[PDB]
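J.: Below is the file data07.cif, which contains mmCIF, C-alpha atoms; chains and numbers go by the auth columns.
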data_query
loop_
_atom_site.group_PDB
_atom_site.id
_atom_site.type_symbol
_atom_site.label_atom_id
_atom_site.label_comp_id
_atom_site.label_asym_id
_atom_site.label_seq_id
_atom_site.Cartn_x
_atom_site.Cartn_y
_atom_site.Cartn_z
_atom_site.B_iso_or_equiv
_atom_site.auth_seq_id
_atom_site.auth_asym_id
ATOM 1 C CA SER A 1 86.656 48.484 -50.974 0.00 1856 A
ATOM 2 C CA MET A 2 88.787 45.930 -52.921 0.00 1857 A
ATOM 3 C CA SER A 3 89.356 42.772 -50.815 0.00 1858 A
ATOM 4 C CA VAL A 4 87.693 44.579 -47.787 0.00 1859 A
ATOM 5 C CA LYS A 5 84.196 43.469 -46.940 0.00 1860 A
ATOM 6 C CA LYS A 6 81.754 43.727 -44.057 0.00 1861 A
ATOM 7 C CA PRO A 7 80.591 40.352 -42.730 0.00 1862 A
ATOM 8 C CA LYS A 8 78.103 38.606 -45.181 0.00 1863 A
ATOM 9 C CA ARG A 9 74.404 39.117 -44.113 0.00 1864 A
ATOM 10 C CA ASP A 10 72.372 35.953 -44.975 0.00 1865 A
ATOM 11 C CA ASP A 11 70.048 37.040 -47.837 0.00 1866 A
ATOM 12 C CA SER A 12 69.010 33.443 -48.834 0.00 1867 A
ATOM 13 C CA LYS A 13 65.486 33.744 -47.347 0.00 1868 A
ATOM 14 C CA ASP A 14 64.768 37.327 -48.549 0.00 1869 A
ATOM 15 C CA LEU A 15 62.755 36.109 -51.623 0.00 1870 A
ATOM 16 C CA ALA A 16 60.537 33.898 -49.552 0.00 1871 A
ATOM 17 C CA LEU A 17 60.094 36.463 -46.841 0.00 1872 A
ATOM 18 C CA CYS A 18 59.162 39.327 -49.342 0.00 1873 A
ATOM 19 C CA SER A 19 56.552 36.835 -50.825 0.00 1874 A
ATOM 20 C CA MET A 20 55.069 36.390 -47.383 0.00 1875 A
ATOM 21 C CA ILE A 21 54.820 40.104 -46.740 0.00 1876 A
ATOM 22 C CA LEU A 22 53.215 40.625 -50.178 0.00 1877 A
ATOM 23 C CA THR A 23 50.657 37.805 -49.385 0.00 1878 A
ATOM 24 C CA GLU A 24 49.745 39.607 -46.175 0.00 1879 A
ATOM 25 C CA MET A 25 49.313 42.927 -48.069 0.00 1880 A
ATOM 26 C CA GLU A 26 47.178 41.125 -50.776 0.00 1881 A
ATOM 27 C CA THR A 27 44.805 39.700 -48.158 0.00 1882 A
ATOM 28 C CA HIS A 28 44.326 42.894 -46.113 0.00 1883 A
ATOM 29 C CA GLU A 29 40.731 44.172 -46.284 0.00 1884 A
ATOM 30 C CA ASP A 30 41.928 47.625 -47.473 0.00 1885 A
ATOM 31 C CA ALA A 31 44.077 46.223 -50.321 0.00 1886 A
ATOM 32 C CA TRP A 32 41.249 46.600 -52.955 0.00 1887 A
ATOM 33 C CA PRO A 33 42.497 49.919 -54.483 0.00 1888 A
ATOM 34 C CA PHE A 34 45.956 48.332 -55.037 0.00 1889 A
ATOM 35 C CA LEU A 35 45.288 44.725 -56.274 0.00 1890 A
ATOM 36 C CA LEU A 36 45.303 45.483 -59.978 0.00 1891 A
ATOM 37 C CA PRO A 37 46.774 48.162 -62.235 0.00 1892 A
ATOM 38 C CA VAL A 38 44.707 51.374 -62.457 0.00 1893 A
ATOM 39 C CA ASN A 39 42.796 51.257 -65.834 0.00 1894 A
ATOM 40 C CA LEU A 40 44.547 54.013 -67.845 0.00 1895 A
ATOM 41 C CA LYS A 41 41.722 54.031 -70.435 0.00 1896 A
ATOM 42 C CA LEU A 42 39.012 54.596 -67.811 0.00 1897 A
ATOM 43 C CA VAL A 43 40.566 56.953 -65.240 0.00 1898 A
ATOM 44 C CA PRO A 44 41.100 60.408 -66.644 0.00 1899 A
ATOM 45 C CA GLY A 45 44.368 62.060 -65.659 0.00 1900 A
ATOM 46 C CA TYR A 46 46.117 58.922 -64.376 0.00 1901 A
ATOM 47 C CA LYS A 47 48.312 58.200 -67.355 0.00 1902 A
ATOM 48 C CA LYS A 48 49.661 61.775 -67.593 0.00 1903 A
ATOM 49 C CA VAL A 49 50.094 62.440 -63.922 0.00 1904 A
ATOM 50 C CA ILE A 50 51.441 59.117 -62.526 0.00 1905 A
ATOM 51 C CA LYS A 51 54.685 58.589 -64.324 0.00 1906 A
ATOM 52 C CA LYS A 52 55.378 55.126 -62.850 0.00 1907 A
ATOM 53 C CA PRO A 53 52.150 53.153 -62.092 0.00 1908 A
ATOM 54 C CA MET A 54 52.575 50.225 -59.661 0.00 1909 A
ATOM 55 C CA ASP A 55 50.135 47.745 -58.014 0.00 1910 A
ATOM 56 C CA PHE A 56 50.311 44.485 -56.002 0.00 1911 A
ATOM 57 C CA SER A 57 49.697 42.161 -58.984 0.00 1912 A
ATOM 58 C CA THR A 58 52.631 43.775 -60.936 0.00 1913 A
ATOM 59 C CA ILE A 59 54.900 43.453 -57.835 0.00 1914 A
ATOM 60 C CA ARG A 60 53.818 39.771 -57.554 0.00 1915 A
ATOM 61 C CA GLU A 61 54.701 39.090 -61.189 0.00 1916 A
ATOM 62 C CA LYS A 62 58.089 40.920 -60.869 0.00 1917 A
ATOM 63 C CA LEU A 63 58.875 38.994 -57.660 0.00 1918 A
ATOM 64 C CA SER A 64 57.941 35.615 -59.171 0.00 1919 A
ATOM 65 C CA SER A 65 60.111 36.171 -62.279 0.00 1920 A
ATOM 66 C CA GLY A 66 63.371 37.373 -60.633 0.00 1921 A
ATOM 67 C CA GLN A 67 63.024 40.980 -61.531 0.00 1922 A
ATOM 68 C CA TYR A 68 63.946 42.254 -58.001 0.00 1923 A
ATOM 69 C CA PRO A 69 67.759 42.263 -57.578 0.00 1924 A
ATOM 70 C CA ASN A 70 67.524 42.721 -53.831 0.00 1925 A
ATOM 71 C CA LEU A 71 64.984 43.313 -50.974 0.00 1926 A
ATOM 72 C CA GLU A 72 65.432 47.167 -51.284 0.00 1927 A
ATOM 73 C CA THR A 73 64.191 47.274 -54.867 0.00 1928 A
ATOM 74 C CA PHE A 74 61.130 45.310 -53.640 0.00 1929 A
ATOM 75 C CA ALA A 75 60.424 47.904 -50.894 0.00 1930 A
ATOM 76 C CA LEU A 76 60.831 50.773 -53.394 0.00 1931 A
ATOM 77 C CA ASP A 77 57.984 49.362 -55.569 0.00 1932 A
ATOM 78 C CA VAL A 78 55.697 48.730 -52.540 0.00 1933 A
ATOM 79 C CA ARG A 79 56.298 52.386 -51.415 0.00 1934 A
ATOM 80 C CA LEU A 80 55.669 53.571 -55.010 0.00 1935 A
ATOM 81 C CA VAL A 81 52.143 52.121 -54.814 0.00 1936 A
ATOM 82 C CA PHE A 82 51.448 54.338 -51.744 0.00 1937 A
ATOM 83 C CA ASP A 83 53.200 57.392 -53.075 0.00 1938 A
ATOM 84 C CA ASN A 84 51.134 57.155 -56.255 0.00 1939 A
ATOM 85 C CA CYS A 85 47.986 56.782 -54.169 0.00 1940 A
ATOM 86 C CA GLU A 86 48.803 59.993 -52.208 0.00 1941 A
ATOM 87 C CA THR A 87 49.619 61.856 -55.429 0.00 1942 A
ATOM 88 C CA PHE A 88 46.135 61.149 -56.927 0.00 1943 A
ATOM 89 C CA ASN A 89 43.706 60.758 -54.002 0.00 1944 A
ATOM 90 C CA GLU A 90 42.646 63.192 -51.288 0.00 1945 A
ATOM 91 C CA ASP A 91 43.597 62.104 -47.693 0.00 1946 A
ATOM 92 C CA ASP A 92 39.875 62.363 -46.759 0.00 1947 A
ATOM 93 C CA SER A 93 38.624 59.659 -49.200 0.00 1948 A
ATOM 94 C CA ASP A 94 38.142 55.914 -48.855 0.00 1949 A
ATOM 95 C CA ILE A 95 41.136 55.276 -51.202 0.00 1950 A
ATOM 96 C CA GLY A 96 43.306 57.985 -49.569 0.00 1951 A
ATOM 97 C CA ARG A 97 42.715 56.376 -46.098 0.00 1952 A
ATOM 98 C CA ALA A 98 43.298 52.876 -47.514 0.00 1953 A
ATOM 99 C CA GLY A 99 46.741 53.974 -48.746 0.00 1954 A
ATOM 100 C CA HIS A 100 47.800 55.408 -45.390 0.00 1955 A
ATOM 101 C CA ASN A 101 46.593 52.277 -43.614 0.00 1956 A
ATOM 102 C CA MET A 102 48.416 49.906 -45.998 0.00 1957 A
ATOM 103 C CA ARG A 103 51.667 51.892 -45.882 0.00 1958 A
ATOM 104 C CA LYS A 104 51.618 51.587 -42.049 0.00 1959 A
ATOM 105 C CA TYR A 105 50.834 47.891 -42.213 0.00 1960 A
ATOM 106 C CA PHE A 106 53.736 47.399 -44.654 0.00 1961 A
ATOM 107 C CA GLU A 107 56.359 49.450 -42.800 0.00 1962 A
ATOM 108 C CA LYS A 108 55.757 47.476 -39.575 0.00 1963 A
ATOM 109 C CA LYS A 109 56.063 44.102 -41.250 0.00 1964 A
ATOM 110 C CA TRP A 110 59.178 45.405 -43.036 0.00 1965 A
ATOM 111 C CA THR A 111 60.894 46.527 -39.766 0.00 1966 A
ATOM 112 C CA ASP A 112 59.863 43.363 -37.887 0.00 1967 A
ATOM 113 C CA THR A 113 61.021 40.957 -40.594 0.00 1968 A
ATOM 114 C CA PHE A 114 64.328 42.651 -41.535 0.00 1969 A
ATOM 115 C CA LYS A 115 65.457 45.355 -38.929 0.00 1970 A
#
If you took the structure in this file and wrote it as structure tokens, what would it be?

T.:
Amino acid sequence: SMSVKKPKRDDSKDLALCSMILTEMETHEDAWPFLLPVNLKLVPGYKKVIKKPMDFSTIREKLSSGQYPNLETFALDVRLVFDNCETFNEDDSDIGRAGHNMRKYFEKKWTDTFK
């Protein structure tokens, strides 16, 4: 509360460390469904159904331009990519499996880097 604070966690490396995680996600062999924005002109249903589209290239641009206020807003967008994927793709599909795999890959790196 006023004039009463928990000890200050060092957040000075968070930006660099989120960049590293994102590089690792970008270079994963199963990243291909997530590298670029879904083409809203060419994929029927996407625009109406997926209210907040997100992809790795959009997270990279947001990260690089100081549009993440803290490491939690960064994680929320990464998880949005996978939540969107599950909303639109059957579990038993190449894309559906890719999303489960990448969400696992992410959540481990997240825990190991920050928890």

J.: Taking the file as shown, find all residues satisfying the PyMOL selection byres ((chain A and resi 1885-1892) around 9) and write them as a ChimeraX atom specification.

T.: /A:1880-1884,1893-1895,1908-1913,1936-1937,1940,1950,1952-1954,1956-1957

J.: Excluding residue A:1965 and residues on its chain fewer than 6 positions from it, collect all residues at most 12 Å away from it, counting all atoms listed in the file, and give them as an MDAnalysis selection string.

T.: chainID A and resid 1869 1872:1877 1879:1880 1926:1927 1929:1931 1933:1934 1958:1959

J.: With all atoms listed in the file as the basis for distance, which of A:1961, A:1938, A:1878, A:1922 is at the shortest distance from residue A:1906?

T.: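 Counting all atoms listed in the file, the residue closest to residue A:1906 is A:1938.
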
J.: In Å to one decimal, how far is atom CA of residue A:1932 from atom CA of residue A:1917?

T.: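 Taking atom CA of residue A:1917 and atom CA of residue A:1932, their separation equals 10.0 Å.
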
J.: For stretch 1940-1947 of chain A, what centre and edge lengths in Å (one decimal) does the axis-aligned box get once 8 Å is added on each side of all its listed atoms, as lines of an AutoDock Vina configuration file?

T.:
center_x = 44.7
center_y = 60.0
center_z = -51.8
size_x = 25.7
size_y = 22.4
size_z = 26.2

J.: Rounded to one decimal, what separation in Å do you get between atom CA of residue A:1865 and atom CA of residue A:1967?

T.: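 So the two atoms, atom CA of residue A:1865 and atom CA of residue A:1967, lie 16.2 Å apart.
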
J.: Report, in Å with one decimal, the straight-line distance from atom CA of residue A:1897 to atom CA of residue A:1935.

T.: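 Atom CA of residue A:1897 sits 21.0 Å away from atom CA of residue A:1935.
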
J.: Which is closer to residue A:1866 than all the others in A:1969, A:1903, A:1896, A:1948, using all atoms listed in the file?

T.: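 That would be A:1969, the residue with the smallest distance to residue A:1866.
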
J.: From the set A:1863, A:1943, A:1919, A:1870, which residue has the shortest atom-to-atom contact distance to residue A:1899, counting all atoms listed in the file?

T.: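 Counting all atoms listed in the file, the residue closest to residue A:1899 is A:1943.
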
J.: Using only C-alpha atoms, can you tell me which of A:1939, A:1862, A:1960, A:1928 comes closest to residue A:1904?

T.: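 For residue A:1904, the nearest of the given residues is A:1939.
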
J.: Tell me which of A:1867, A:1968, A:1942, A:1858 sits closest to residue A:1907, counting all atoms listed in the file.

T.: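 Closest to residue A:1907 of all the choices is A:1942.
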
J.: Using the atoms already present, construct N, CA, C and O atoms for stretch 1913-1934 of chain A and hand them back as a PDB file, keeping the file's coordinate frame.

T.:
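This went into part.pdb:
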ATOM      1  N   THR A1913      51.441  43.487 -60.153  1.00  0.00           N
ATOM      2  CA  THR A1913      52.631  43.775 -60.936  1.00  0.00           C
ATOM      3  C   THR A1913      53.851  43.470 -60.051  1.00  0.00           C
ATOM      4  O   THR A1913      54.835  42.748 -60.499  1.00  0.00           O
ATOM      5  N   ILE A1914      53.767  43.795 -58.772  1.00  0.00           N
ATOM      6  CA  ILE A1914      54.900  43.453 -57.835  1.00  0.00           C
ATOM      7  C   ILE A1914      54.981  41.933 -57.739  1.00  0.00           C
ATOM      8  O   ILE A1914      56.104  41.359 -57.741  1.00  0.00           O
ATOM      9  N   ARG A1915      53.820  41.273 -57.608  1.00  0.00           N
ATOM     10  CA  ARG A1915      53.818  39.771 -57.554  1.00  0.00           C
ATOM     11  C   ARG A1915      54.452  39.158 -58.781  1.00  0.00           C
ATOM     12  O   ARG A1915      55.317  38.226 -58.647  1.00  0.00           O
ATOM     13  N   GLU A1916      54.101  39.629 -59.975  1.00  0.00           N
ATOM     14  CA  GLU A1916      54.701  39.090 -61.189  1.00  0.00           C
ATOM     15  C   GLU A1916      56.236  39.360 -61.279  1.00  0.00           C
ATOM     16  O   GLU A1916      57.039  38.509 -61.723  1.00  0.00           O
ATOM     17  N   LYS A1917      56.660  40.564 -60.885  1.00  0.00           N
ATOM     18  CA  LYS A1917      58.089  40.920 -60.869  1.00  0.00           C
ATOM     19  C   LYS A1917      58.840  40.006 -59.864  1.00  0.00           C
ATOM     20  O   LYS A1917      59.987  39.535 -60.175  1.00  0.00           O
ATOM     21  N   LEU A1918      58.258  39.788 -58.714  1.00  0.00           N
ATOM     22  CA  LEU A1918      58.875  38.994 -57.660  1.00  0.00           C
ATOM     23  C   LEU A1918      59.059  37.538 -58.143  1.00  0.00           C
ATOM     24  O   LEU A1918      60.132  36.988 -58.044  1.00  0.00           O
ATOM     25  N   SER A1919      57.974  36.993 -58.676  1.00  0.00           N
ATOM     26  CA  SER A1919      57.941  35.615 -59.171  1.00  0.00           C
ATOM     27  C   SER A1919      58.864  35.346 -60.343  1.00  0.00           C
ATOM     28  O   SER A1919      59.122  34.137 -60.703  1.00  0.00           O
ATOM     29  N   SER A1920      59.349  36.331 -61.035  1.00  0.00           N
ATOM     30  CA  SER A1920      60.111  36.171 -62.279  1.00  0.00           C
ATOM     31  C   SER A1920      61.520  36.732 -62.139  1.00  0.00           C
ATOM     32  O   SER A1920      62.188  37.001 -63.129  1.00  0.00           O
ATOM     33  N   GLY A1921      61.991  36.879 -60.877  1.00  0.00           N
ATOM     34  CA  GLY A1921      63.371  37.373 -60.633  1.00  0.00           C
ATOM     35  C   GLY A1921      63.738  38.688 -61.133  1.00  0.00           C
ATOM     36  O   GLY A1921      64.868  38.984 -61.498  1.00  0.00           O
ATOM     37  N   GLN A1922      62.744  39.633 -61.125  1.00  0.00           N
ATOM     38  CA  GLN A1922      63.024  40.980 -61.531  1.00  0.00           C
ATOM     39  C   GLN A1922      63.370  41.998 -60.387  1.00  0.00           C
ATOM     40  O   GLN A1922      63.609  43.184 -60.674  1.00  0.00           O
ATOM     41  N   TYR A1923      63.366  41.516 -59.146  1.00  0.00           N
ATOM     42  CA  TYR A1923      63.946  42.254 -58.001  1.00  0.00           C
ATOM     43  C   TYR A1923      65.408  41.750 -57.718  1.00  0.00           C
ATOM     44  O   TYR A1923      65.547  40.652 -57.173  1.00  0.00           O
ATOM     45  N   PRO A1924      66.378  42.643 -57.946  1.00  0.00           N
ATOM     46  CA  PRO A1924      67.759  42.263 -57.578  1.00  0.00           C
ATOM     47  C   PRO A1924      68.005  42.125 -56.114  1.00  0.00           C
ATOM     48  O   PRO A1924      68.903  41.384 -55.748  1.00  0.00           O
ATOM     49  N   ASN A1925      67.280  42.838 -55.243  1.00  0.00           N
ATOM     50  CA  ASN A1925      67.524  42.721 -53.831  1.00  0.00           C
ATOM     51  C   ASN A1925      66.229  43.188 -53.073  1.00  0.00           C
ATOM     52  O   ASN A1925      65.268  43.680 -53.689  1.00  0.00           O
ATOM     53  N   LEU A1926      66.197  42.967 -51.762  1.00  0.00           N
ATOM     54  CA  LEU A1926      64.984  43.313 -50.974  1.00  0.00           C
ATOM     55  C   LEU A1926      64.702  44.868 -51.015  1.00  0.00           C
ATOM     56  O   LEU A1926      63.537  45.283 -50.909  1.00  0.00           O
ATOM     57  N   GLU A1927      65.698  45.733 -51.230  1.00  0.00           N
ATOM     58  CA  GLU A1927      65.432  47.167 -51.284  1.00  0.00           C
ATOM     59  C   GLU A1927      64.655  47.605 -52.542  1.00  0.00           C
ATOM     60  O   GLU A1927      63.773  48.484 -52.503  1.00  0.00           O
ATOM     61  N   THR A1928      64.934  46.938 -53.658  1.00  0.00           N
ATOM     62  CA  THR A1928      64.191  47.274 -54.867  1.00  0.00           C
ATOM     63  C   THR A1928      62.740  46.848 -54.675  1.00  0.00           C
ATOM     64  O   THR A1928      61.877  47.455 -55.296  1.00  0.00           O
ATOM     65  N   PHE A1929      62.480  45.785 -53.936  1.00  0.00           N
ATOM     66  CA  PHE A1929      61.130  45.310 -53.640  1.00  0.00           C
ATOM     67  C   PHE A1929      60.371  46.376 -52.827  1.00  0.00           C
ATOM     68  O   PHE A1929      59.277  46.801 -53.210  1.00  0.00           O
ATOM     69  N   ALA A1930      61.038  46.861 -51.775  1.00  0.00           N
ATOM     70  CA  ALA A1930      60.424  47.904 -50.894  1.00  0.00           C
ATOM     71  C   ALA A1930      60.139  49.201 -51.666  1.00  0.00           C
ATOM     72  O   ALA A1930      59.128  49.855 -51.415  1.00  0.00           O
ATOM     73  N   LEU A1931      61.011  49.573 -52.600  1.00  0.00           N
ATOM     74  CA  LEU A1931      60.831  50.773 -53.394  1.00  0.00           C
ATOM     75  C   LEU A1931      59.518  50.690 -54.230  1.00  0.00           C
ATOM     76  O   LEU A1931      58.758  51.636 -54.345  1.00  0.00           O
ATOM     77  N   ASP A1932      59.256  49.535 -54.834  1.00  0.00           N
ATOM     78  CA  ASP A1932      57.984  49.362 -55.569  1.00  0.00           C
ATOM     79  C   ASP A1932      56.752  49.345 -54.641  1.00  0.00           C
ATOM     80  O   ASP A1932      55.733  49.824 -55.048  1.00  0.00           O
ATOM     81  N   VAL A1933      56.827  48.722 -53.448  1.00  0.00           N
ATOM     82  CA  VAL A1933      55.697  48.730 -52.540  1.00  0.00           C
ATOM     83  C   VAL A1933      55.405  50.222 -52.182  1.00  0.00           C
ATOM     84  O   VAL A1933      54.249  50.689 -52.213  1.00  0.00           O
ATOM     85  N   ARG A1934      56.468  50.962 -51.873  1.00  0.00           N
ATOM     86  CA  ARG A1934      56.298  52.386 -51.415  1.00  0.00           C
ATOM     87  C   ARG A1934      55.780  53.224 -52.582  1.00  0.00           C
ATOM     88  O   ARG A1934      54.952  54.139 -52.368  1.00  0.00           O
TER      89      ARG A1934
END
